[PDB]
Structures are given as C-alpha cells and as structure tokens.
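Chemist: Dropping the structure in here first, questions after.
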Ligand SMILES: Nc1ccc(S(=O)(=O)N2CCN(CC(=O)N[C@@H](Cc3cc(F)cc(F)c3)c3nc4ccccc4c(=O)n3-c3ccc(S(=O)(=O)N4CCOCC4)cc3)C(=O)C2)cc1
Ligand SMILES: Nc1ccc(S(=O)(=O)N2CCN(CC(=O)N[C@@H](Cc3cc(F)cc(F)c3)c3nc4ccccc4c(=O)n3-c3ccc(S(=O)(=O)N4CCOCC4)cc3)C(=O)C2)cc1
Ligand SMILES: Nc1ccc(S(=O)(=O)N2CCN(CC(=O)N[C@@H](Cc3cc(F)cc(F)c3)c3nc4ccccc4c(=O)n3-c3ccc(S(=O)(=O)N4CCOCC4)cc3)C(=O)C2)cc1
Ligand SMILES: Nc1ccc(S(=O)(=O)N2CCN(CC(=O)N[C@@H](Cc3cc(F)cc(F)c3)c3nc4ccccc4c(=O)n3-c3ccc(S(=O)(=O)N4CCOCC4)cc3)C(=O)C2)cc1
Ligand SMILES: Nc1ccc(S(=O)(=O)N2CCN(CC(=O)N[C@@H](Cc3cc(F)cc(F)c3)c3nc4ccccc4c(=O)n3-c3ccc(S(=O)(=O)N4CCOCC4)cc3)C(=O)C2)cc1
Ligand SMILES: Nc1ccc(S(=O)(=O)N2CCN(CC(=O)N[C@@H](Cc3cc(F)cc(F)c3)c3nc4ccccc4c(=O)n3-c3ccc(S(=O)(=O)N4CCOCC4)cc3)C(=O)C2)cc1
C-alpha cells in the first residue's frame, strides 16, 4: 500500500486468501476485498488477485471485465516521446499495473493532485467481482418462496440474500410469502415497514 | 478510522473481529458494545464497510436501513441546508450515513475545529437500529421468565436479566419455595441478599 | 485507554477479556486479568469491557449494586453552584463510573496536573464488586476442605488455597497419616517443609 | 528486509511462508505469495526463506540449477577485474546476487545505493523463474487432457481448464473443442467472438 | 514494563504466561520463559503475572514463603526517620516485592541514575522460589533413572538430563545404562564424550 | 535483541515460534535456519534464553554445550587476554553469555567497530545444531534406494532430504531398474530437471 510504499502485510495476505476459501463469491466478499485493499497500488491489487487459487473461470472472467474498462478508459482519456523527467499520463494498461512500474504507480497516486490509479483499478475489479457474484448466485429472487413451515424471518433473510446477489417488500416479498402470513400482511395497510411485517408474522 | 489529517485503514484484526462476532453471537445484546468498541474512531465509510462485511442476517440489515433513514430524515428536519467556494458545507443526513459524502468530506467534518462528528452521529443511528433488531430477535418476554421448580435461583436470575437486557417481577416469578423466603426478607433487599437467601 | 487523547481499546484486548470470562467465569484469577487488560482504561473503556460480557447478568447486576454503594459513599466524602466557565469541575460518583461524564471530561481528570484518576478509582470499585461475586460463585467453605484418604498432600494444599483465595486448619484437616507426621515437625514449620514431609 | 539498515524477517512472515508451502506445495498461487511475503527482501532473506522449507528437496535442488543458469548468464552480460578501488562499491557477480559470496552489508549497499543495484529484486526474479519450472513439473495434467465430463457443469470444467493452463484465445480453440457434446453444440451456435461470461451463461 | 513511564503488559504477554503454566505446569523450561516474558517488568507487572495463574496455589504459597525469606534477608543487608522531602527513599524488601511500594516509586528506582533495579531484584527472588517449586514437582531422583531393557540410549539420556535439570555422566549415566550398552560404554573407557557414548549405543 | 544503544526484549511471538518449531520438527534440518532467522539481532543472553526455553531433547542440549565449549576454548587459543571505564576483550565464556553481562554484550555488539558476540555465539550454536541434526538423522544416503513402485520424484525428495542431514553418482545408481536404464540412456551431464522429466 501507500501510507511511502509499505509491503502488503502477512495478515492482509492471509485474510484475503481465507475469505475467498471460506466464502467463494458470496456478496460480502466484495466489501472485504475493498477494505483489505485499502491504500492499495495496482501491483498490490494484482498481488491479491494472483494469490487466489482456484476459481480460475471467475478470475478469467474478471480479466475480460477489466479489459473492457481499460479500453473504455483509453477512449475517454487518450495519450510522441514524453517530456524528459516529467510524469506521463496513464493508459488503461498502466492503471491495471500491466505496463506500469511500481514507481510510476506511486508517482500518480501521490502526485499533487493525485491520479488515483489504485482506486480506479479497484473500481474496475469490483465491477468484475459483481458480475461474478451474480453468476455464482444460484437462485432468482422470483424463486424465493416462503416454505409452509419456514419462519418469516428466515424467508426474509433468503429473500434479501438472493436480492443482494443480483419497494421489494410491497411487491414480491408479500406475494411470495406463504398463505397464512400473506393474508396477515395483506391486512396491514399500504406503506407497512419491514419491522412491522416481521412482527406481524413472528 | 482517522489518523495533515488523514484516514487510517481499518485493520484486518478489526475487520475479522466484527465478522466473527456476528457469526458467533448473531444479535445477542453484547454484539452492540462490541460493534461500538470495534468502530472506535470510525468514519461513516468505515461504518458502512463494517456493516457491508456482514453476510447473512439480511432481514436485520434491511431493517437497519429503515431505522437509519428515519434518523437521517429527522436530522434534515432539525438541521436544514450554492455553497461558498472552498469552504466546508453543512452535512445532510445522507452525508452522515456516507451515502452522498466523500471520505475527504467525512474527514473534513470530523477533524474540523470545532468537529462535526459525523462518525459518532452515524454510529448513534446504527446502534438505535441494532437495538431494535436485538429486541426483535429476543425470543421471550420478561413476563414469561419463571423460575423452574428445580432451577437454582442464580440461573433464573441470569435468564431474568438476560431477557430484560434484550428489551417486583423477580420475586413474583420465583418458585414457591424461594418466593416464600424472599418475601420474608421484606422491603429493600439487595440482589446479593436475595441470592444468598436462595443459594 | 489514554495517550492528550483517547486511544481505542484494541481488538486483542477486547477479545481477551471476553474469552477470559467465557473460559473462567468468576474464578479468582479473572480479577487480576481484568485489571491488567484494563491498564490505562478510562471509565468508558471499563464500561465497554463490562458491556461486552454476555451472560452472567445476575453477577453483572450485583456488580452495579456494589458500584452504586461506592458512588454514593464517594459523594458523601467529596461533595460538590454552576461551575467557573472553562474550568475543570469536580467529579461526582456517577461521573467516575462514566454514567454522567463525557470521554473528554474523563481524559481531562485523568491527565490533569495533578491527576484525578477516575479510571483507577472506577477500577477499584469494579474490583470490589468482582470480589463479592467471586466469593458468591465460590462453591466450598475452607471448613470443608479435608484431605482425602488417598489424596496426595500437594493436591489437598492446592484445593485448600484455591478455596481460601475465593473467600491451623491445614494441619487439622490433613488425613491421619500426614497429620501425625506434620504434628511431629512441631511449631513454625514452613509449607515447603510440610509438603516434603508428606510427599 | 531493509529499513540504512537490515530489519529482521518477522515471525509472522517466516511462518506464513512455511505454512503456504506445507498446505499448497507447488500449486501456482504459491509463487505470488512468495513474492509478496518477500517484499523488501535481501538475498540473505530470500535464502533464509528458501532454507526454512522442509521437504520438497528435489524441487529445491532443481531451483538451484535454475538459479545457477541465471547467475552464469548474468556474469556473461555484466563482467568484472583487478583489486577494487579502496572504500568503493564493487560490482556484484551472479553469486553475489544470490547471497552466496556477498555479505549482508554489501547487499544493503547495492540495494540502497543511489542509484540502486536491486540485488534483492534480481535474485527474486531468478527464484521465481525456478519456481515456475517446478510448478509446471508438479502440474499433474496437460491442458490437452482437460475434457468436460458428461455430467460435469460447464463452470467446473472451466475452473479445471484454467487451473491446468495457469500451471503451464484459449476459449476459441481448445475450450470449446473439449466441451461435452451438449454444451459444444450450444457454444458453436454462439459463433465467433463469444466472451467467457457468455459461454458460461449459455451452458449453466 | 517501563518506557519515564509505565507501558502496560500486553495481552500477548499475559496470555503467553497463563498458557505456559497451563500446558507445562512447573517443568524446568517454564522458568526461562517466565524470565523472558517478564523482560522490563516492574514489581507490579511481576505480581500481575503471578496473580493471573489459576491453580497451583500450593506452589504459589510456597513461592511467597521464598519471597519473604529474601525480603527479610534484604532488610538485614540494606537497612533503612522520615525521609528528606521530595527525595528518593531507599526500598525495603516489601517495596521490591511491590507490596508497600507504588508504581511511581518502582519506576523511580528503576529509571534513577544510577538504577535501583527493583524489577530485576524481585525477579531474582521469584526465580529462586520457582526453582524450589520445580525440584518439588520433580517426580524422580536421578538415582532412579535406569535405561529400560528395550529403551534406545538417546531416550534414556533425555530422561536422565530432564531429571537432572529439575534437581539442578562418567558416574551415574554409564552405571545406570542397560547391560548391553553398559558393556559397550565401559569399553570406551575414560574421557568419552556424550556424542561418542550416544553413537556407540545407537 | 538490540535497538544509549539498548536491549529490546525478545517478543512473545518470537519465543513461541522457537518453542513450537522444536516441538513440531525436533532436529529436522530446517530447524537450523529457522533458529537463525528467529534469532536475528540476538544477544548471547537472547540466544541462551531461546535455548533454555526448549523442553525435552536434553541429550541434544547437553551435546550442544560440549560443542559450544570446544569453540569457546579454541577462541581463547586464537584471541588471548583492564583500563578503567574502557572496553575489555571478550573471552569465549563471554561470547556464550556465561561470564558477561547484558551491558557488556551490548557494548561489544554496538561498538564502532563491532565485536559481534551475538553472531559469533550463533555460529557456535549452529555448529552444535548441525552435529545434532546428523545424529538424529535415521538413514545413510547409501541406503536411499528407489522403491519398485516409488515415483522418481518421491525418491529424489528422500535422497536429498537424507543428504541435507549429513550427487547424480549415487542418485542414478540407486534408482530402480526401469528408471535407471532410462537415466543411463541420457548419458553424461543430464540435469535433475531432465532426469525427473524422463522418469515422470
Ligand atoms: N491468454 C492467456 C489466458 C490465460 C492464461 S493463464 O490462465 O495461464 N494465467 C495467466 C497468468 N495469470 C496471472 C495474471 O496475469 N494475473 C494478473 C492479475 C490478475 C489475477 C487474476 F486472477 C485476475 C485478474 F483479473 C488479474 C497480473 N499479475 C501481474 C503480476 C505482476 C506484474 C504485473 C501483473 C499484471 O499486469 N497482471 C494483470 C493485470 C491485468 C490484466 S488485464 O488482462 O485485465 N489487462 C490487460 C492490459 O490492459 C489492462 C488490463 C492482465 C494481467 C493468471 O491469472 C492465469 C494465459 C494466457
Ligand atoms: N430496495 C432495495 C432493497 C435491497 C437492496 S440490496 O439488498 O440489493 N442491497 C443494496 C446495496 N447494499 C450495499 C449497501 O447499500 N450498504 C450500505 C451500508 C449498510 C450496510 C448494511 F448491511 C446495513 C446498512 F444499514 C447499511 C452502504 N454501503 C456503501 C458502500 C460504499 C459507499 C457508500 C455506501 C453507503 O452509503 N451505504 C448506505 C448507508 C446507508 C444507507 S440508508 O438506506 O440507511 N440511507 C439512505 C440515504 O439517506 C441516508 C441513509 C444506504 C446505503 C446492500 O447491502 C444490499 C437494494 C434495494
Ligand atoms: N433496573 C434495571 C435493571 C436491568 C436493566 S437492563 O438489564 O436492561 N440493562 C441496562 C443496560 N445495561 C448496560 C449498562 O448499563 N452498562 C453499564 C456498564 C456496566 C455493565 C455491566 F455489565 C456491569 C456494570 F456494573 C456496569 C454502562 N454502560 C455504558 C455505556 C455507554 C455509556 C455509558 C455507560 C454507563 O454509564 N454504564 C453504567 C455504569 C455504571 C452504572 S451504575 O448503575 O453502577 N451507576 C449509576 C450512577 O451512579 C454511578 C454508578 C450504570 C451504567 C445493562 O447491563 C443491563 C435496566 C434497569
Ligand atoms: N552438490 C550438493 C548437493 C546437495 C547439497 S545439500 O542438499 O546437502 N544442501 C546444501 C546446503 N543447503 C543450504 C543452501 O545451500 N541453501 C541456499 C539457499 C537456497 C535454499 C534452497 F532450498 C534452494 C535454493 F535454490 C537456495 C543458501 N543458503 C545460504 C545460507 C546462508 C548464507 C548463504 C547461503 C547461500 O548462499 N545459499 C545459496 C544460494 C544459492 C545457491 S546456488 O547453488 O543457486 N548458487 C551458487 C553460486 O552462484 C550463485 C547461485 C547456493 C547456495 C541446502 O539446502 C542443501 C549440497 C551440495
Ligand atoms: N494468611 C493467608 C494466606 C493466603 C491467603 S490467599 O490464598 O487468600 N491469597 C491468595 C493470593 N493473593 C494475591 C496476592 O497476594 N498476590 C501477590 C503477588 C503474588 C502472587 C502469587 F500467586 C504468588 C506470589 F508469590 C506473589 C500480590 N499481589 C498484588 C497485587 C496488587 C498490588 C500489590 C500486590 C502485592 O504486593 N502482592 C504480593 C507480593 C508478594 C507478597 S510476599 O507475601 O512474598 N511479601 C510480603 C511483604 O514482604 C515482601 C514479600 C505479598 C503480596 C491474595 O491476596 C491472598 C490469605 C491469607
Ligand atoms: N555438570 C552439569 C551437567 C548438567 C547440568 S543440568 O542439566 O542440571 N543443567 C541444564 C541447563 N542449565 C541451564 C544452562 O546452563 N543453560 C545455558 C544455555 C544453554 C541451554 C541449552 F539447552 C544448551 C546450551 F548449549 C546452552 C545458559 N543459561 C544462562 C542463563 C542465564 C545467564 C547465563 C546463562 C549461560 O551462560 N548459559 C550457558 C551457556 C553456555 C554454556 S557452555 O557450557 O557452552 N560454556 C561454558 C563456559 O564457556 C563458554 C561456554 C553454559 C551455560 C543448568 O544450569 C542446569 C548441571 C551440571
């Protein structure tokens, strides 16, 4: 990271590997990635991505997304030989740390004002991670129906777990409740809160 | 958190501690003070980071947004809001929750002399919501905590006050043997005294 | 704790206190661990630590009663118009316990020259309460620690002093064989000597 | 590593490297972990880390051969001759970069010189060359043998495909070819230029 | 410990000492671990560490007796009206043990130029007591460490010297070897090293 | 270790790491470089601290003293041996921290130029640790023969594991018939990578 270039710590390295081992591409992996990559350089981001073993389908999908974003960046911000000793503008492949050196990355990130290549690359990675999370999501919200014996709260957990991978209350949530709870919910007037709905089916 | 005045990253130890607490204790009451301690110094972004890392409990987490919203809207009522160039704008409710504010703005408010402590304000909101969740996930009313016929007084009292924390009766709801003894201590007895007398 | 400014309680500290209470309940050595883990602590930090304890809510309520007696007694010995502007007010008992005081006030008192050490005072109260709890949860009277007919002397002595810590007799309560030997050492024998003689 | 003076390798670092090797052997992701754990490393630190590995001594000896080829090639490109100028900084031979004939002070000297001779980063590059050769060796399967099972979900196939490939455009050639008949037909119907995301959706 | 001001004992330190005692009781190597974990310690820190030990209360009471003998002997060798105002008093034995001294007084002595190292003195006392405990909890006399008829020489030697360390080679080691190895060892005759003895019975 | 230039305490992480390594790996060869890394910056006292925390292996630990002594005595031979307030020269027993104080150790180590008593003592300890590692080594390289069903790579692991505790002369010789024939056909100058590919 940049704090000066600090090395990624062992605690950070291990935390990212473990999260991926234990949670695959469950949605909460994304904010953990983002938090664990606080201050990160493109190199640090590549380091973190490279340490993931397995999920190589997902990881290759992630490269495709990163590429689309690199190419689009080159469209919006185009770039002879550079002025000697001066700071060049970064191409998309520089933001991803493919054609840039660590010193160049630090240069951009600490420049006054900053070209925050870390934060830009992170944004791209997260775009790709979100696409993966939807893909690895096993179920459509349309198929989250409350079991005949399922407590309302557990249903709601599934409902919103599923929804996070891809107003909700007033449409599909009541619709997809089981008959007993659906009747009770319908009897509550418009504009009922989730707290209220859950109390009423407890 | 905040560490010329600049954002320190949330540490891995902090991140993991919060996830684990939620995994192991769900919405048992002591999760709240742990959240508060683990979020010492936190910016709104750090608070959002911590909340977002929770997997599961998405009913609870959506309930939490509703509460946060009520508090945001009420804040906009009490403290209403083009801004002077290069000066510090006043934060709306959605800025305190880190929805419409940047990290730099959050640091700005928090380190301003005097401080607008948007971290502490947002934390207060989150805790309001966390308390509502804790009551919800509380399985039992204090009215239903009755001492078992063979239950030692101390275990009863643990349950009594466990239940009460999630939300006279104590003697009332004791079992006949211990109720008689307690009544004989008469007014003003301490809990230590009650517990000794039924040991 | 304090560094003049508040350092956050660390995750390692938070977890250590929770684990100690989970694993050892109110065994006597929990007290010195609490005291060590709360080194430097503000009243807020002490409340944070106490609040993170799940379970034992009977004990925790007992602890409040004790804290209250000590708060009231403090108000007796050190009584307190509106304060001089911008000057440091004297702390009431409820301020020492962090109930009616702010963090800044706590830091104020603790770092003042000379210090009003509200952290150390509150800690002293908590430990008073923790000691009462430890005696309560102590299962056995020292009067009932008798050496088994087949029990090695050392194990007896461990139990003897374990029990005694939670709250002459030692020789008295030894088993016949070892009692005879001990009596033969006659007055002024050391514990090392007693234990060698019954090994 | 370096702080101008040598900081010790930390216990956390030492243990992390040993554990990675214990748990993952020479699976590909060991390499970037080695590289990250050896951030800031001196040649001595790199030797320390390599020496703490128990087992895999075939691999570790193979690694020396590779390091040697790179040392010798370095001596070809950057030669040295007489006795050195008193009190001055000598140029490093290949065996100096590997920390075999160099002192810690010399390593720090080169690494912190203005401008730096980054002997740590050079030696690391060599080690990684050798680690890659080992990873291919310990790779059990050729990409040519990664065929989708008749009941294997496309995604699992793709995981294996690219796991295998990492140890040694791929989509358009062998990936479709080696898919199972049902999914191969579907993929062929998408025709040129399909993305991996698209292929995977179509066989889900 | 000390940084002039008191640093708190760390949780890592606290836990390490408790665990050592839980896992190894009063095996000899607990002593040097205690000493290392108590580097820089004040008398208060030493009391803190001793107080966190649960169980072994016989041993812990024995330890007080030893500490007392050393306190009283210290008062004999270094005897002590009311003190000069604002000046540094001389420490009595009970001050070194942190019984009648404040933390500030302990820091005072320890950081004075020149130092009265009350931490190191108290540590020395504690270790004296810990050694007496280690001998006590030692189950076996070196006289009873005999090599089993099937026991490899090396294992015997481990036990021999384990036992010997708790009490604190040309004689008893050969003597107590089993017949087969005893004959071989005797044939090496005077002046054999342990390395040589062990090779010869491997 | 060392940071008035002053002694930093050995950390709990360091202390525990050394104890655990010895518990889990005994005197397998890789314990040595771990000892050396964990004892980075160490004073003689720190080295004694680390050695003293080892429970068990007291045969080995006594053997280690013998080796340390030989090296102490030899040091006294090569460098024989005071002015008020000045720095005395260290005897062998001073390097091992037996007759020296912590302050003296720090003195030597931070003197300009340094008398690196930590590094010297470490060198001695490692000499002794190496003798122990050979001793606890169960097998001679002469007895590492490839099993009839053993994959070449596993054989090579054993070969070099064994060899480290104490190449392609004995390595090919001791291979199993099938692989030995193939290896011999590669003829002089084959690399280990090549040998291993050819028997995979
Ligand atoms: N044609 C073909 C297809 C597959 C294979 S393969 O399956 O055998 N194999 C290739 C090698 N790696 C490692 C790798 O390239 N890792 C990235 C980081 C990364 C890891 C991920 F798991 C997922 C990500 F999205 C990004 C990397 N590591 C760096 C390390 C040290 C310095 C530099 C780099 C750097 O640059 N990158 C890297 C970063 C971004 C891209 S890009 O594809 O997204 N891109 C291209 C240039 O324009 C900008 C964006 C490519 C590589 C593999 O993952 C798997 C081989 C050939
Ligand atoms: N109707 C409907 C129903 C479900 C879904 S969903 O299930 O698909 N989905 C939405 C997206 N996220 C992430 C998210 O929004 N997280 C919050 C923090 C948070 C996490 C919690 F688990 C619980 C909380 F209460 C708060 C957030 N993450 C940030 C991250 C990076 C920068 C900024 C933010 C920021 O601002 N917030 C955020 C904070 C507060 C609110 S608010 O709803 O309470 N609010 C609205 C504006 O006024 C201020 C207060 C909203 C978002 C999800 O978790 C779930 C979508 C629509
Ligand atoms: N009559 C009755 C019976 C039960 C319940 S209840 O079961 O619903 N419930 C209420 C809430 N809490 C939390 C709580 O109050 N925690 C304390 C710290 C503490 C925790 C313990 F587990 C044990 C202790 F002894 C002390 C606290 N937390 C703070 C946090 C943030 C800022 C401030 C505070 C602060 O001030 N205190 C606090 C500290 C001391 C006291 S006191 O009662 O001892 N006291 C009163 C004023 O005079 C000084 C001393 C009260 C609260 C509960 O545990 C129990 C409610 C009413
Ligand atoms: N012919 C033959 C066959 C087997 C054996 S053996 O099996 O009995 N045995 C020998 C001793 N070591 C330790 C060792 O050499 N370790 C290396 C680091 C290292 C570890 C690895 F596991 C793998 C690597 F590739 C590199 C080392 N440790 C240092 C430590 C303290 C200071 C200095 C050193 C230093 O210099 N090196 C070292 C580093 C590189 C090489 S080299 O062979 O690659 N090379 C030689 C000169 O030109 C530069 C490069 C040699 C030694 C063993 O592990 C194995 C001995 C001879
Ligand atoms: N007659 C009789 C006999 C036993 C019992 S009892 O079984 O109920 N017993 C259990 C143990 N503790 C704790 C305790 O005293 N801990 C010591 C340190 C210590 C712990 C050990 F486990 C072992 C040690 F050897 C030393 C202590 N804790 C401090 C903490 C906060 C500030 C101060 C202190 C301080 O001063 N000391 C302390 C240290 C040394 C001694 S001394 O006895 O060795 N001594 C007396 C004065 O002259 C100097 C030396 C006494 C207390 C008790 O209170 C009482 C009750 C009545
Ligand atoms: N004849 C006979 C035979 C056995 C026994 S015994 O089995 O009962 N024995 C076991 C071990 N210890 C502790 C001990 O001596 N530990 C060493 C460090 C060490 C530990 C090891 F496991 C292995 C090593 F090689 C070195 C030590 N601890 C220090 C601590 C605090 C300050 C100082 C010291 C210091 O000096 N040394 C120490 C270091 C080196 C040597 S020496 O033997 O190698 N030597 C002698 C003088 O010339 C220089 C070198 C001796 C002691 C005992 O006292 C009791 C007693 C008498």
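Protein chains in written order, with the UniProt record's numbering: chain A, 133 to 135, 143 to 218, 221 to 307, 316 to 351; chain B, 133 to 135, 141 to 218, 222 to 307, 320 to 351; chain C, 133 to 135, 142 to 218, 221 to 307, 320 to 351; chain D, 133 to 135, 142 to 218, 220 to 307, 316 to 351; chain E, 133 to 135, 142 to 218, 221 to 308, 318 to 351; chain F, 133 to 135, 141 to 218, 223 to 307, 318 to 351. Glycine included, each C-beta is placed from N, C-alpha and C at the ideal position.
Is the Cβ of residue 146 of chain B closer than 8 Å to any Cβ of chain C?
Modeler: no
Chemist: Going along the chain, which residues of its own chain have a beta-carbon closer than 6 Å to the beta-carbon of residue 238 of chain B, five neighbours each way excluded?
Modeler: 181, 182, 185
Chemist: Using 8 Å as the limit for Cβ to Cβ distance, is residue 203 of chain C near chain B?
Modeler: yes
Chemist: List the residues of chain E whose Cβ lies closer than 8 Å to the Cβ of residue 272 of chain F, in chain order.
Modeler: By Cβ distance, chain E contributes 344.
Chemist: Can you check DSSP and say which residues form a bridge with residue 134 of chain F?
Modeler: F:144
Chemist: Less than 8 Å between the beta carbons of residue 199 of chain B and residue 334 of chain A, yes or no?
Modeler: no
Chemist: By alpha-carbon positions, which one of F:210, F:292, F:236, F:214 ends up nearest to residue 351 of chain F?
Modeler: F:292
Chemist: Quick one: grab the DSSP three-state call for residue 350 of chain D.
Modeler: Judged by DSSP in its simplified three-state form, residue 350 of chain D adopts coil rather than helix or strand.
Chemist: For residue 305 of chain D and chain A, any beta-carbon pair shorter than 8 Å?
Modeler: yes
Chemist: Any heavy atom of ligand 3 closer than 7 Å to the Cβ of residue 226 of chain A?
Modeler: A distance criterion of 7 Å places the beta-carbon of residue 226 of chain A beyond contact range of ligand 3, judged by its closest non-hydrogen atom.
Chemist: Under 7 Å between beta-carbons, which chain E residues line up against residue 199 of chain F? List them in chain order, please.
Modeler: Neighbourhood of residue 199 of chain F in chain E, by CB distance below 7 Å: 301, 343, in chain order.
Chemist: Just by C-beta distance, which residues in the region 275-295 of chain C are closer than 8 Å to chain B?
Modeler: For the region 275-295 of chain C, which is checked against every Cβ of chain B, the residues closer than 8 Å are 276.
Chemist: Three or more C-beta pairs closer than 8 Å, one from the region 251-269 of chain B and one from the region 159-174 of chain C: is that the case here?
Modeler: With a cut-off of 8 Å, the region 159-174 of chain C and the region 251-269 of chain B do not count as touching, because too few Cβ pairs lie within range.
Chemist: What does residue 309 of chain D reach in chain A if we use C-beta pairs closer than 8 Å?
Modeler: Since the model of chain D includes 307 and then 316 but nothing between them, residue 309 of chain D has no atomic positions to report.
Chemist: Considering only C-alpha positions, which residue in the set C:320, C:244, C:290 is nearest to residue 328 of chain C?
Modeler: C:290
Chemist: Rounding to the nearest angstrom, what Cα-Cα distance links residue 246 of chain C and residue 295 of chain D in this structure?
Modeler: In this model, residue 246 of chain C and residue 295 of chain D are separated by some 59 Å (Cα to Cα).
Chemist: Could you tell me the distance, in whole angstroms, from the CA atom of residue 217 of chain C to the CA atom of residue 232 of chain C?
Modeler: 8 Å
Chemist: Taking 8 Å as the CB-CB cut-off, is residue 143 of chain D touching chain A?
Modeler: no
Chemist: What residue range is occupied by the uninterrupted alpha helix (DSSP H) comprising residue 263 of chain D?
Modeler: Run containing residue 263 of chain D: 258-276, per the alpha helix (DSSP H) assignment.
Chemist: Can the beta-carbon of residue 210 of chain C be found less than 8 Å from the beta-carbon of residue 273 of chain C?
Modeler: Taking the C-beta atoms as reference points, residue 273 of chain C is found no nearer than 8 Å to residue 210 of chain C.
Chemist: Quick check: the Cα distance between residue 230 of chain C and residue 248 of chain C, rounded to an integer number of angstroms?
Modeler: 11 Å
Chemist: When you compare each of F:170, F:188, F:203 to residue 192 of chain D by their alpha carbons, which one comes out closest?
Modeler: F:170
Chemist: Can you name the start and end residues of the alpha helix (DSSP H) that residue 140 of chain F belongs to?
Modeler: Residue 140 of chain F cannot be placed in this structure, since chain F goes from 135 to 141 without the numbers between.
Chemist: What three-state label does DSSP hand residue 177 of chain B in the structure shown?
Modeler: Three-state DSSP puts residue 177 of chain B in coil, outside helix and strand.
Chemist: Here's the rule: buried if 16 or more other CB atoms are within 10 angstroms of the residue's CB, otherwise exposed. What is residue 299 of chain A?
Modeler: buried
Chemist: Verify the CB distance criterion: does residue 320 of chain F have a CB-CB separation below 8 Å to chain E?
Modeler: Not one chain E Cβ lies under 8 Å of residue 320 of chain F.
Chemist: Answer yes or no: the CB of residue 349 of chain C versus the heavy atoms of ligand 5, is any distance below 7 Å?
Modeler: no
Chemist: So is the beta-carbon of residue 301 of chain D under 7 Å away from any non-hydrogen atom of ligand 1?
Modeler: yes
Chemist: Could you tell me the alpha carbon to alpha carbon distance between residue 224 of chain A and residue 265 of chain B, rounded to whole angstroms?
Modeler: 53 Å
Chemist: For residue 259 of chain B, decide whether its Cβ has a neighbour in chain C, counting only Cβ atoms nearer than 8 Å.
Modeler: No, because no Cβ of chain C sits closer than 8 Å to the Cβ of residue 259 of chain B.
Chemist: Within its chain, find whatever has a CB closer than 8 Å to the CB of residue 326 of chain F; leave out the 5 residues flanking it on each side and keep chain order.
Modeler: Excluding residues within five positions, the ones whose Cβ falls inside 8 Å are 287, 293, 296, 334, 350.
Chemist: Shortest alpha-carbon distance to residue 152 of chain E belongs to which of C:235, C:172, C:321?
Modeler: C:172
Chemist: Report all residues from its chain with a CB closer than 7 Å to the CB of residue 134 of chain E; omit the five preceding and five following residues, and keep chain order.
Modeler: 178, 180, 247, 250, 251
Chemist: Less than 8 Å between the C-beta atoms of residue 149 of chain B and residue 175 of chain A, yes or no?
Modeler: yes
Chemist: Taking only beta-carbon positions, decide if residue 252 of chain C is within less than 8 Å of chain B.
Modeler: no
Chemist: Using 8 Å for Cβ pairs, my map puts residue 347 of chain C next to residue 276 of chain E. What's the rounded Cβ distance?
Modeler: 7 Å
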